[PDB]
Each structure stands twice: as structure tokens, then as C-alpha cells.
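Just one chain follows, in the form deposited in one PDB entry, and it is written as C-alpha cells.
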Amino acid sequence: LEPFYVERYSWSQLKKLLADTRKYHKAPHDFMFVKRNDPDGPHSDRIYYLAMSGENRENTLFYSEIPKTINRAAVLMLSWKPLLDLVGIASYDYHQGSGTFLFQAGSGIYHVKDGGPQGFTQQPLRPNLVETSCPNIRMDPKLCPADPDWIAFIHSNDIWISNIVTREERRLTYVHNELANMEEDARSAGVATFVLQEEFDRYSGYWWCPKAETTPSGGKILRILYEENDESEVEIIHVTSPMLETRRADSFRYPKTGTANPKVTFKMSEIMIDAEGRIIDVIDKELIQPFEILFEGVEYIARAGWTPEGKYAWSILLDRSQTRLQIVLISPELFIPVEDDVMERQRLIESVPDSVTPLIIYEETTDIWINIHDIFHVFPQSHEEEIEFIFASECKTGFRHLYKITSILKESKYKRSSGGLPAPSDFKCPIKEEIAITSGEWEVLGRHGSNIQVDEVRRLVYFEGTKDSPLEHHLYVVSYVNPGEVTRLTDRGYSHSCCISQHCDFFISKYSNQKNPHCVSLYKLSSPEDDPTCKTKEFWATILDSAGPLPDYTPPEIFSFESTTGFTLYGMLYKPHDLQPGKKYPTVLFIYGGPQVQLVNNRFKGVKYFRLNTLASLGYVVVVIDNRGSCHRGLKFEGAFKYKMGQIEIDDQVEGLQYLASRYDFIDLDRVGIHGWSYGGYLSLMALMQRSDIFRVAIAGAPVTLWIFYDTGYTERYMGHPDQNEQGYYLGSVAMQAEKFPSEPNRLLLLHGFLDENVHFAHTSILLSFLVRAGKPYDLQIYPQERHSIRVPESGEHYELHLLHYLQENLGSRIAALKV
């Protein structure tokens, strides 16, 4: 069986090849339905959404008209109507009673009105700048749901509010100083700190109370819950400033694993507004006892918000190890004004009843980890001493499922005036009811936009899950009263990502598969008159048509194999284009292989993984395998590498590789390469360390080389604290095992964005430090202008060019074979 050697192009020629194939190459999202309520008009709804409409175009608001009826013989294509007059807009708020949109576009915060009592526009509206006296950029703007005249935003790590008709502007928090350096002033209000944004996907740190309390004089009280962080004890790291001329570095509060997270607490801003819409006074309030006493054991505020009527604030709270989750109701009466005078302050503590107390309405544990999600729905309060809610969890069965829970709002055993600390269980509510709404060997999805929509009239819950296949996401519906069978609403053969109307009579799906690029289509939901539980769908219109099967892109084929570990493991195979019979080709394993990611599924890969096809076209077999630890296969599948990251993943990659090599004799196992970014770079190094017999070259992008360098939230989920897993951290850190790398050159390539604040460059430089100490060869490429991703096209072009040339010169071509 003869070895195929790839065509040996020059650097200039490969640049041309890449530029030519690139030359040919954002979908609508954040949908919202608003009813017309016009009996004579032809339209039932107007949908609003964010999209581009061009390769080089700002992301902006559009609308389309949903007609009451359609021509069912034809296919309706909805025209995109620009909502606004002339990157861009990333998200938007809406208040339905008034029609007020609010959004940030560049530095400015703007608002328009459509769909309210004002009616529906037929032409682009003019964005109205919310004026300000704040010198710096305003971040994270939110409408007050109780009063759409008021917004809030962050300026220099403090909370501000601004009235968009009276033009009044007030600062609510005085925690940060814009003029002081960060080393001395490390406190913020209303802002999620690094670990929360990066490792829990919480981006805001303040929440409007959705209802206004009326006052005696005919005014009102608006309310804002917010987290206040003190990062004074968090370690300070320096990362190189993008302006390389300065030869300077930015300071950065980075809680590395096994060191202090920020000191956190809850606060409440109480804004008194008079009859004319003007601020009487602002009273800043704090918890009656400190956070550590009321919420024992809690490290992270994972999520937060309010109940629909604004009676209680809620929060989802994690312990340090992230094996215990608590859902806690927090009353506004737990908050007292911040007081310097101890005499007046002691009176305010004694004035608040002992009956007012935190209410832990739910608690769960696991000995794997808590995966945080966005599913949490709270029904209206039927009775004063009860609360009903839907939550999702992997803790019961090891797959994420929905549960309808009723908890009893009991007065606590603990009395505050007695002058003691509460026992752990004193705030725990008892569980009256806990019904499993779903179950099986498959999960409900709750991250990255996936959530539930609850029809309260027909008593149903729409959700996304993996019930039909782990390679496809689908829309499902089921009753939450008499949970029986689960009706799938999307068609098989594509993977779907869906949005359901607030009115529960429509859903939109963005869908694709390996062959076809992503589509976006609208579907009307119907039920037969005799049974509202039973749900059917009908195609209504196309929002975004697929480009169709692209020329010069051959998709891969999805394979599987029964692993010796007792799991089916899936993969993607790109056959090298124009197979010559009786010839064996060089192979390139592309890998990520860490938690919270699945690379192998029935989705279009011709956008993001286009260069895998380019490798196939030059004569490389390309393989991708989701090893144990990847998502969408349940908690036990995910848990396989708890305490043991780096030890198992390459066994699955090799087992899958050898499966393919037996069934396909065109795979040359003497010329295999491995490449990945972040965790993929990490495993690319482990592959070369552990299995140098199988892997000739390894190309590691932004690799974790040393787990002690990575943050608290991520590293302690999967590896625990470093003091209690000394062997796991050692075996999982490539920089502590530099002697295991080859003494042969032209096998190791390290790639790194120099400005990376996520996986610090330090990971690479310390690896290099030990490789140099151990007399080991390496190749290195730096991207001086890039962080963790590659954003500037020139850097990405150079990356791809160097990668192809490296694979050619050290793996694929005939000159590569001669170098040994």
C-alpha cells in the first residue's frame, strides 16, 4: 500500500490558494412577536429581530409582517423592513405596554417606539439618543419594566439611572472612583466580574424590580437589586497592552484556581419618584445581616432576578466546589438603609421583623458538578404561603430534565432578636410537590439561548432537547400538569435552534445539517379544538433562505463506534478528495475535547470548519472525535474526567482513529497530525506527550499548560481545589512534564495570541522555560495583536498559511518523509 505525498507548494502559492478559496465566502436572532389587534388588517403579528443583511453591514433591527392567512400552494418569503434610520446592535430591550425599544449602538444608548398605543410604523424610525453628562462610555442599559420613561446603565463600575423624557440623570452607587488606579479601588456595583462572564455566562449585575410600589402622595417607589463586588483580595495579573509601542501592560483582577474570588453581597437601591416623574430621594440599602451569615457556604451568585409581581427577588447560588445549588427567595424587607450612626442603625435592625427571612425554596447536590443554565420559570402566586416553579436539573437521574415544584413559604425557626447565628437548615423551605415533567437517556437544553416557553393558558411547556438524537437538537412540547408523552415539533434530519412566540401560537427555527447551510423559517402552532394538549405545526414563511449546497465544499460523514469504555462515541470523517485506489494518505486529527462543547453533530460545518475541507482537497484525511467529557451526552459522560483532565481524552481519540484505520485502509497511521485551540491545544500537547508513537506532529493553539494558572470557576468544577488533588493537577499540566516531549524536532508547534487574557501567554512561556531547561526542540508563532480568538483577518490568514505550510513540510509531502 503506497504512501500519497501532497503537492509541495511554495509559501506564495499557498497564500494564493487560500486567498482564492476564501474569496467566495450573521443570521436573524433575538426575535419577538407583537400582535396587531386590527380586525380589518391582513396581518396578525409583526416580528422584530436583529440581523445584518450583507457581508460588511452593521447588525441592526428589522421587522417583518406575519399575515393572518397564506397561499398554501406557494412559499412566502418575508421582506426585511428596516426599523431604524441610518458590530452595531448586540441586544435590545422592549416594554410592551408602551412599545419602547432600548438599545446600545456604539457609544450611544438610543430608543424608538413601535407596536404600542402609538401603533405600527410603515417607514424606518429615527433613533433617539439618550443624552448624558457622564464622561465615559455607558454599559449594559436596561428599561425599567414598571416605568418605560426610566432606564439604568453602568458608568465606571457604578449604577446610574436616566429618565428619557425629563432628561433627569442620577447616580445610584458611589463605590468606584474613575480617577483612582485599580490597585487601591477594586469595588464595583451592578457589574459581573471576570469569572462570572467567562465561566458562568452572567453579563449583568443589576435587576430592575418589575413593579412599582405606589405611595400615599400619588407617587411611586422603583427598585433595583444589584450585586456589589469587592475585588481587593483578588490577585492582580498583568497582560500586555494592545498598543505595543507603549511597552506597557494592563492590570486585571484574575482569581486563579485555589485563591480568593471577589467578596460579594446583595444590595437594593430604593428610588422614590414623585407624581411628576421626578426623583424625591435615593436610599441605598443592604442586607440586615451580612451575606456570609444569611447565605452560608455560598461562593457564587450564578443567576438573579425577580418574581413576576416583584414581591420577592430570587437568586441561584453555588458553593465553592459547585456541587451544591440553592434557589433562594430574598424579600425587599430584608434590606435596611446603609447607616454610619450605630444608634440609628441598631433601631433599623430591631424594626424589621424576625419573621422576614431568606427562603431557600429549592436545594440539590451532586458529586460530579452543577452545570448552570437559564431555565427558571415562576408561576403567579395562588396562595401567600406557597410558590410554584419549573426548574431543570441533572442531579436526580444524570440527564437534564424539567421538574414542576411547589415549595411552602414557612416562617423560620431562627429568630434574629435572640442574638445568635442561624444553623444551615434554618432557612430551608419544605417541598410539598416535585413532579418530573420529562425523563430518559437524553437532556433538556438550557445554555447558549436554549430555554423554555411556558403556555400558562393551555398549561404546556415548550423546550429543546436531545431525545431523538444526540447529534440533533429539536423542539418539544409537553403538559406540566399531567406530564405524559413528549410531542416533537421539528422535523428529523436537521439540528434545530428555536424561538417560541410569547403568545405560543408560532415558533421560529434556525436549522441546518451537514449538507445544507442554515435556514430560518416561521411555523404556526395549532391545536385541534377537542384537545389543547395536542400540538401541530404548519410551515408559514421563510425568514432566511439557505444558500444551498456550496460549490468546492464536500461535507464530512458522521461515524460512530462502540468504545471499550461502554459508550457510543461519535466522529466526523473528511475523506481526501479524489481517492486513488491502493494509496494511503496523511491524517490530521482536529480536536477540542473539553467540557461544554460538542464538535460532532448534524449541523453545517462549511462556515466555521471550512479549512478542514481545504485540507481534504489537498489530500489529508481529517478526523474529529468527541471524547468522553464533551456535552449533550449526560452528566456521567461529562463526569468521566473529574479530577483527571488530560488522562482519558487521548485514549478515545486513538481508539476512534484505530477504528477508522481498520475499516479504511487509506488512513496512513505513520503520518498522523493533531491540532486544536484552547483545550484542543492542551490535548494536542498531551497527545504528543503521551502517544508519540501515534502522533508525528502536534500543533497547539493557546494551550492550557498549567492548571494552577486558570481561573477558579472553571478549574475547580472539574479538578477541585489544588490542595486536594495534587496528583490530578500534576498529571494534567504539560509544563510540569516537559521531559516527556520528543527530542526529535519538526514535531511540536506552539501558537498563541500574545494579548490573550483568558489563557495567558504565560502558559506558553513557562512551557518553553521547561522545554529549554529539558533541552527539547519546539517551533513557535505569536499573534501580537490577538487575544483568545483571532479577530484581525491578517492574523487569521497568516495562521492558516503557516498551518498548511507546516503540515506540508513536516507531515504531508515527500520532503517531510525525508527529514527523519
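Superpose the two forms; the largest set of C-alphas matching within 1.5 Å is the rigid core. From 1 onward, residues are counted along the sequence shown.
*Asks:* State which stretch is farther from the displayed form on average in 9 other deposited structures of this protein, 528 to 536 or 555 to 563, counting RMS CA distance after fitting on the rigid core.
*Replies:* Farther on average in 9 other deposited structures of this protein: 528 to 536.
*Asks:* Find out whether the coordinates of residue 25 are absent in at least a third of the other compared PDB entries of the same protein.
*Replies:* Yes, residue 25 lacks coordinates in at least a third of the other compared entries that model both of its neighbours.
*Asks:* Among the other entries of this protein that were compared (only those with both neighbours built), does residue 777 lack coordinates in at least a third?
*Replies:* Residue 777: modelled in every other compared entry.
*Asks:* Could you bin the unmodelled part of the deposited chain lying between residue 25 and residue 26 as none, 1 to 3, 4 to 9, or 10 or more?
*Replies:* Gap size class: 4 to 9 residues without coordinates, per the record.
*Asks:* Zero if continuous, otherwise a range: how many residues of the deposited sequence are missing coordinates between residue 86 and residue 87 (none, 1 to 3, 4 to 9, 10 or more)?
*Replies:* Per the deposited record, the segment joining residue 86 and residue 87 lacks coordinates for 10 or more residues.
*Asks:* Higher average CA B factor in the deposited record is what I'm after, so tell me if that's 719 to 727 or 351 to 359.
*Replies:* Looking at the record's C-alpha B-factors, the answer is 351 to 359.
*Asks:* Could you settle it for me: does 460 to 468 or 405 to 413 have the higher average Cα B factor in the PDB entry?
*Replies:* Going by the record's values, the stretch with the higher mean is 405 to 413.
*Asks:* Among 240, 658, 251, 602, which residue carries the highest C-alpha B-factor recorded in the PDB entry?
*Replies:* Reading the PDB entry, the winner on C-alpha B-factor is 658.
*Asks:* Based on the PDB record, which member of 143, 189, 195, 534 exhibits the highest Cα temperature factor?
*Replies:* Out of 143, 189, 195, 534, the record gives the largest C-alpha B-factor to 534.
*Asks:* For the chain shown, is the CA B-factor of residue 784 in the lowest, middle or highest third of its modelled residues?
*Replies:* Tercile = lowest for this residue's CA B-factor.
*Asks:* Please place residue 491 in the lowest, middle or highest third of its chain according to the CA B-factor in the PDB entry.
*Replies:* Middle third by C-alpha B-factor.
*Asks:* Comparing residue 663 with the other modelled residues of its chain, is its CA B-factor in the lowest, middle or highest third?
*Replies:* According to the entry, residue 663 has a C-alpha B-factor in the chain's highest third.
*Asks:* Where does residue 20 sit by CA temperature factor within its chain: lowest, middle or highest third?
*Replies:* For residue 20, the deposited C-alpha B-factor lands in the highest third.
*Asks:* Ranking the modelled residues of this chain by C-alpha B-factor as given in the entry, is residue 753 in the lowest, middle or highest third?
*Replies:* Lowest third - that is where residue 753 ends up once the chain's C-alpha B-factors are sorted.
The following text describes the form solved in complex with a small molecule, which does not appear among the structures shown.
*Asks:* Is the gap between residue 677 and the small molecule in the bound PDB entry 4.5 Å or less for some heavy atom pair?
*Replies:* The answer is yes: residue 677 has a heavy atom within 4.5 Å of the small molecule.
*Asks:* Is residue 523 close enough to touch the small molecule in the bound PDB entry, meaning at least one heavy atom pair within 4.5 Å?
*Replies:* Close contact is absent here: in the bound PDB entry, residue 523 is far from the small molecule, nothing within 4.5 Å, heavy atoms only.
*Asks:* Classify residue 599 as contacting or not contacting the small molecule in the bound PDB entry by the rule of any non-hydrogen atom within 4.5 angstroms, answering yes or no.
*Replies:* Yes, residue 599 sits close enough to the small molecule in the bound PDB entry that at least one of its heavy atoms falls within 4.5 Å.
*Asks:* Would residue 409 show up as a contact with the small molecule in the bound PDB entry if we use heavy atoms at 4.5 Å?
*Replies:* Contact check for residue 409: no, nothing within 4.5 Å of the small molecule in the bound PDB entry.
*Asks:* Given the stretches 505 to 513, 535 to 543, 331 to 339, 586 to 594, which is the single one in contact with the small molecule in the bound PDB entry, using a heavy atom cutoff of 4.5 Å?
*Replies:* Partner-contacting stretch among the options: 586 to 594.
*Asks:* Would you mind picking the one in 567, 379, 609, 709 that has a heavy atom within 4.5 Å of the small molecule in the bound PDB entry?
*Replies:* By the 4.5 Å heavy-atom cutoff, the listed residue in contact is 609.
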